[PDB]
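Here is how the chains run, residue by residue.
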Amino acid sequence: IXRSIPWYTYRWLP
Amino acid sequence: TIXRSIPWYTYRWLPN
Amino acid sequence: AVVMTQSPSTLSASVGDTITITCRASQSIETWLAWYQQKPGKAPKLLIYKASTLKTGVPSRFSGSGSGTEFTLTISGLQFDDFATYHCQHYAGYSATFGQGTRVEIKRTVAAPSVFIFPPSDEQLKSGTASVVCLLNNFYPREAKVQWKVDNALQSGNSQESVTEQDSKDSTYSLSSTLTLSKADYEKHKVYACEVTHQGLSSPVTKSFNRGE
Amino acid sequence: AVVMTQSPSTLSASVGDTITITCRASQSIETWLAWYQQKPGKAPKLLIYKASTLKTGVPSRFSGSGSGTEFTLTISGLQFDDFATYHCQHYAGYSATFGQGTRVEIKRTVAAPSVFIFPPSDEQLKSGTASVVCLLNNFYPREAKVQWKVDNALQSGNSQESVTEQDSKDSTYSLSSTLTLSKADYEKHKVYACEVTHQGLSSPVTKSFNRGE
Amino acid sequence: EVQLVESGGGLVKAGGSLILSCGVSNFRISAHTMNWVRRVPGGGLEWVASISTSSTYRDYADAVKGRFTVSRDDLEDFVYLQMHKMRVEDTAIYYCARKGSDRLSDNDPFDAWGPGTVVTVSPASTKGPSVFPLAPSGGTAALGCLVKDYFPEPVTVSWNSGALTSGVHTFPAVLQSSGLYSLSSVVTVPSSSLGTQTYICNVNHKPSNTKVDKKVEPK
Amino acid sequence: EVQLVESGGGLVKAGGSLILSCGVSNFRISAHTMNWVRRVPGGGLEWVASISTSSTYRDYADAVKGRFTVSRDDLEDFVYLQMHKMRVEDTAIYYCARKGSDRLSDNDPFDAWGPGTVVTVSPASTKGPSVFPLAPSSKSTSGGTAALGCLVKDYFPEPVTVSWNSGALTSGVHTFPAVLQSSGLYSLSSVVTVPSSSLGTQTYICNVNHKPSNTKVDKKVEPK
Ligand SMILES: *[C@@H]1O[C@H](CO[C@H]2O[C@H](CO[C@H]3O[C@H](CO)[C@@H](O)[C@H](O)[C@@H]3O[C@H]3O[C@H](CO)[C@@H](O)[C@H](O)[C@@H]3O)[C@@H](O)[C@H](O[C@H]3O[C@H](CO)[C@@H](O)[C@H](O)[C@@H]3O[C@H]3O[C@H](CO)[C@@H](O)[C@H](O)[C@@H]3O)[C@@H]2O)[C@@H](O)[C@H](O[C@H]2O[C@H](CO)[C@@H](O)[C@H](O)[C@@H]2O[C@H]2O[C@H](CO)[C@@H](O)[C@H](O)[C@@H]2O[C@H]2O[C@H](CO)[C@@H](O)[C@H](O)[C@@H]2O)[C@@H]1O
Ligand SMILES: *[C@@H]1O[C@H](CO[C@H]2O[C@H](CO[C@H]3O[C@H](CO)[C@@H](O)[C@H](O)[C@@H]3O[C@H]3O[C@H](CO)[C@@H](O)[C@H](O)[C@@H]3O)[C@@H](O)[C@H](O[C@H]3O[C@H](CO)[C@@H](O)[C@H](O)[C@@H]3O)[C@@H]2O)[C@@H](O)[C@H](O[C@H]2O[C@H](CO)[C@@H](O)[C@H](O)[C@@H]2O[C@H]2O[C@H](CO)[C@@H](O)[C@H](O)[C@@H]2O)[C@@H]1O
């Protein structure tokens, strides 16, 4: 899952 | 007609 | 606005006993009723739902019955680990209502408290604060009333209480009440007293001291 | 990964002047740059976006230019209302970066502070606390440093300070530092000193007192 | 397997605000109606709020209706509770709880709970300042008032009912580690006026309707 | 007039957690990317976090990545910032800010801001207790028994352990649940009842251990 805590794992780049 | 919680509770639905 | 009323509020029993907590609703809730166990400082645990269904893992000594307006939780062969607070709950899709809770405690004979009062230490006083402490020692049942009076004026809003859990050895409770005043306030008065009311005392006990001795 | 560098950090000028604030980007950001105004204790206010477009309500004395890596905010005919902090900003769809900010102030000649030290009042001491206050009065520019010493031992973590906005009459600043100790600690020591460093002084100034005297 | 954890509990003054959050492990909240429950000092549980799937319907206990709002963040699995206009009787341990069963139905019990987070509301919503002299002790003298331990902002300070404005500096307040504010107001005057001219700072703390006049003399 | 209002700020101990919210007036947040920005003591602004429309994309300043989370509530128009594992340098004024313009585009500036809420992280994660005697006296002595104790005051966080005479004295001891004072600091008492006949011959010392600050205190409790 794309999450913020405790690790930032979003992979999309604007 | 926006349902809100604060500062007034204005939800209108009643569970069945 | 359904009212859920548990009974009794405190249930005193012994290990191996069979006990029954009742929950009554002010109007019919069919079987939409759940029971929860909760121990001090810990999260509620679901025991029973839909009035009589036991959650997997829950010992068969726990049993729920009832419907409409009257519900019961029965524990057969009460074990030490069963001493805790039990809550009934009416649950609907988007809301719930709880009973006031029932605390199951170890049964014993009524015992009046021993009462002690402690003036503030000189060391604390010098630092600008006066804590006055009232101790109620080893009493049973837990319900007790403590009122502070400063020169006979009943105090409100300036004290905090703390109660111990049931003592492992004599099954009694103890309580501490602290009255907190500024150094300056404290020095405006003479007589400090705590007045204790309890079912085991023939009448209230008042312990007091005069500031400065 | 885009670093925004604003220059200068402080810009001293006079009413009627034309001034320029620079913003530099570590790499080309085309014209995706905004300028904001912020007054003390207030929210930022957007002035210019897309490098050169003024928001509605923004006076024409404000203008912006630049593209790529070098950007400029110009104010032609400084008015009193314009003294404030200005922030540049690279904005992207889902992120942004700000420059360090540029404080625009009224220019005047350097002025050394008058320094005063105040012992705790007897009243406060009686209540258990000891605040020692050091006042740096009517100095310019705003940068100043205060060091507390107790029996010649430098202090840390036990003092706070605040600074006034530029004075209406002499365009100077003043600063207040409060050293806070318990009555107990305060009475362990004799010499309390605040040491002040500021460009208007040839060297650091110390004001001190001996407790009791 | 299933876990819930609350964050955000704390001590707040009456009338204040506090926001709580709830995170989870080993399930997604999306299919679950999520709830807030509190255990009051008396020992009983109180249902506080419910937030249904898709966030379409929200219901609150009467005692908090109009003051509390519950929110959910399905993509990252968080639930929030905003509490405003808080009262002493809001003091409690707050739990995040889900409605659930092995197969989800239109009405399941609270099958999973967080450990809880302690929320404490102190009774006083304001506190007036203590005022202390900053006593003077050549040619140019300095004196002032130390306005200490108040809440919330602001206070205003005038000198000699306003007649004295020149040389006055009232500093921004600082927030002490105690959570109370403190500021000082000072005025500079001729060392030759100490004991001829009277100096009185007038402190006003509108929030607690408190006014305090304090004479600053030497020694 | 478009308006934003932050809620939630205050004092936090290092390592602690705090959650902020943001509410609005006279517009709906749904079409807007929403942002958190902070002004640090030095006066500069720092971008903290952004959350796109539909909560599709979330981005964070490197300094807070892994510790902060931003969330939105489009139906009731709220934005949230969760702050965990807080550091002193998180100390700042936090503003809620809207990305927007007269007509929306793929990249607009922050055209509306909240007034800001103050968040202050103190360096101290812990504080050690003061310990005061609850001295035995005529007011605490009746017949064959006397009560005495220690008041363990103004510490943080829980817990503290209390033993009497290094563990030799356990019978009759009661150490009460701590209470949280309006100061945000805890306090508790530990008491013990002993024979009145033992005061003056037997010494009594409460041993207080505050593990969270690794602080230890031994306090002699004597008559008068
Ligand atoms: C107001 O909005 C309500 C929507 O609220 C959301 O919740 C719905 C319920 O979700 C819970 O329960 C279901 C199972 O019942 C689970 O799948 C969920 O995971 C969720 O479980 C969690 O909550 C419950 C309750 O607290 C707990 O017990 C659980 O433990 C757990 O925590 C949910 O369905 C709903 O989503 C649908 O609708 C949204 C729009 O409102 C939309 O955003 C979604 O995409 C989704 O729409 C699709 O999915 C449904 C399900 O297949 C389809 O029906 C749709 O057409 C779409 O395909 C929300 O997320 C909603 O419940 C209300 O609707 C009831 O009342 C209105 C008018 O009052 C009617 O128009 C509805 O038909 C519905 O009435 C039915 O449901 C009630 C209980 O669910 C019954 O009491 C009613 O009598 C009636 O049931 C009959 O009719 C149905 C159709 O005729 C039939 O399928 C049933 O079997 C019965 O015969 C209202 O719109
Ligand atoms: C992955 O997700 C992203 C994010 O989608 C979300 O935002 C979309 C953009 O919304 C903002 O911009 C619009 C105009 O550009 C405004 O109308 C809107 O109100 C938003 O404005 C706010 O935000 C901007 C930016 O921060 C700010 O400047 C404004 O001031 C406002 O603050 C939006 O369109 C999405 O909604 C749609 O999709 C969602 C799906 O979740 C639906 O729920 C919704 O109902 C609606 O259909 C969403 O809210 C998204 O942008 C991406 O899509 C683009 O890229 C993918 C590939 O990555 C393509 O498939 C797609 O077609 C989109 O872009 C194409 O065009 C660009 C040219 O700009 C081209 O460069 C690109 O290569 C593609 O060809 C992706 O789904």
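By convention in this text, residue numbers begin from 1 on each chain and track the written sequence, not necessarily the entry numbering, and residues missing coordinates are not displayed. Note on labels: chains are lettered from A, ligands numbered from 1, in written order. Processing note: side-chain calculations cover all non-hydrogen atoms of the structure and skip hydrogens and water entirely. Residues with missing side-chain atoms are left out of burial classes, side-chain pairs and their counts.

Header annotation of the entry names X-ray crystallography as the structure determination method and lists the resolution as 2.298 Å.

Looking at the PDB entry, chain E carries the name anti-HIV-1 Fab 2g12 heavy chain, with the source organism given as Homo sapiens. The title assigned to this entry in its PDB record is "anti-HIV-1 Fab 2G12 in complex with glycopeptide 10V1S".

Per the PDB entry, chain C goes by anti-HIV-1 Fab 2G12 light chain and derives from Homo sapiens.

Trainee: Which residues make up the site of ligand 2, and what are the values?
Mentor: If even one non-hydrogen atom of a residue comes within 4 Å of a molecule or strand, that residue is called near it. Near ligand 2, the surroundings consist of 16 residues, among which D:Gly93, F:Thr33, F:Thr53, F:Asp106 and F:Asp108 are the closest. Around ligand 2, the neighbouring residues derive from chains A, D and F rather than from a single chain. One nitrogen or oxygen atom from the side chain of A:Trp12 is found 3.5 Å from an oxygen atom belonging to ligand 2. Identification of polar contacts relies on pairs of N or O atoms within 3.5 Å, with a donor-acceptor requirement for protein atoms, meaning one able to donate a hydrogen and the other able to accept it, and with residues adjacent in sequence counted only if both atoms are side-chain atoms. One of the backbone N or O atoms of F:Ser105 is found 2.8 Å from an oxygen atom in ligand 2. Tallied by class, residues from the shell around ligand 2 come to four nonpolar, nine polar and three charged. In this classification, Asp, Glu, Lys and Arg are treated as charged, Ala, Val, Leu, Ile, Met, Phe, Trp, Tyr, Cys and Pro as nonpolar, and every other residue, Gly included, as polar.

Trainee: I'd like a description of the state of the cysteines, backed by residues and values.
Mentor: When the sulfur atoms of two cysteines come within 2.5 Å, that pair is taken as a disulfide. Applying the stated criterion across every chain, the model contains eight disulfides over all chains. The residue that forms a disulfide with C:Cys134 is C:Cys194, at a sulfur-sulfur distance of 2.0 Å. Disulfide C:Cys134-C:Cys194: torsion about the S-S bond near 65°, hence right-handed. Pair noted here: C:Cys134 is in strand 13 (residues 129-139) and C:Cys194 is in strand 18 (residues 191-197), with a separation of 60 residues, a long-range link. Residue C:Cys134 shares its accessibility class with C:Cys194, and that shared class is buried. The side chain of F:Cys22 participates in a disulfide bridge whose partner is F:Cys96; the two sulfur atoms lie 2.0 Å from each other. Around the S-S axis, the bridge from F:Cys22 to F:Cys96 shows a dihedral of about -75° and counts as left-handed. Labels follow the DSSP assignment, with helices taken as runs of H or I lasting at least four residues and strands as runs of E lasting at least two, numbered in each case from the N terminus. Each residue's exposure class comes from its accessible area (1.4 Å probe, protein chains only) as a fraction of the maximum for that residue type: buried when under 20%, exposed when over 50%, partly exposed otherwise.

Trainee: Pulling in residues and values, what's your account of the domain arrangement of chain E?
Mentor: All names here are of chain E. Annotation of chain E at the domain level lists domain 1 (1-123) and domain 2 (124-219). Boundaries of every domain are those given by an automatic assignment or by a domain database. The distance between the C-alpha centroids of domain 1 and domain 2 comes to 45 Å. Counting residues at the interface gives four residues for domain 1 and five residues for domain 2. By buried area we mean how much accessible surface two parts lose on assembly, using a 1.4 Å probe and totalling the loss over both. Summed over both sides, the interface between domain 1 and domain 2 buries roughly 350 Å², with carbon and sulfur atoms accounting for 48% of that surface. For domain 1, the biggest contributors to the area lost against domain 2 are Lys13, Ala14 and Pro123; these three give 97% of the whole. Here a residue-residue contact requires only that any non-hydrogen atoms of the pair lie within 4.5 Å.

Trainee: Help me get a handle on the arrangement of the chains, residues and values and all.
Mentor: For the non-touching pair chain A and chain C, the nearest C-alpha separation works out to 24 Å. There is no contact between chain B and chain D; across them, the least C-alpha separation is 24 Å.

Trainee: Just give me the short version of unusual backbone geometry, but keep the residues and values in it.
Mentor: Geometrically, the link from C:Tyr140 to C:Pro141 is a cis peptide bond, its omega value of -5° lying close to zero. Tracing the backbone shows C:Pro141 in the loop between strand 13 and strand 14 (145-150). Omega for the peptide link from F:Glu158 to F:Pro159 comes to 0°, which places this bond in the cis form. Among the secondary structure elements, F:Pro159 is positioned in the loop between strand 14 (145-155) and strand 15 (161-164). Of note in this structure, C:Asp151 is not a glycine but carries a positive phi near 50°. With respect to the helices and strands, C:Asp151 occurs in the loop between strand 14 and strand 15 (153-154). Positive phi values are uncommon outside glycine, yet D:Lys50 reaches one of about 50°. Looking at the element boundaries, D:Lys50 is found in the loop between strand 5 (45-49) and strand 6 (53-54).

Trainee: Lay out the interface of chain C and chain E in plain terms, naming residues and giving numbers.
Mentor: Contacts between the two partners involve 24 residues from chain C and, on the opposite side, 23 residues from chain E. Interface of chain C and chain E: buried area, both sides summed, is about 1,800 Å²; carbon and sulfur atoms make up 60% of it. A per-residue breakdown of the area chain C buries against chain E is headed by C:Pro44, C:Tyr94 and C:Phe98, which together make up 32% of the total. For salt bridges, the criterion is a side-chain nitrogen of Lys or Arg within 4 Å of an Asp or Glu carboxyl oxygen. Counting across the chain C and chain E interface gives zero salt bridges. Here chain C and chain E share nine residue pairs in polar contact between them. At the level of elements, strand 4 (33-38), strand 5 (45-49), strand 9 (85-92) and strand 10 (95-98) of chain C are the ones that each hand at least two residues to the side of chain C that touches chain E. Among the elements that make up the side of chain C that touches chain E, the one with the highest residue count is strand 9 of chain C (five residues). By residue class, the composition of the side of chain C that touches chain E is 13 nonpolar, eight polar and three charged.

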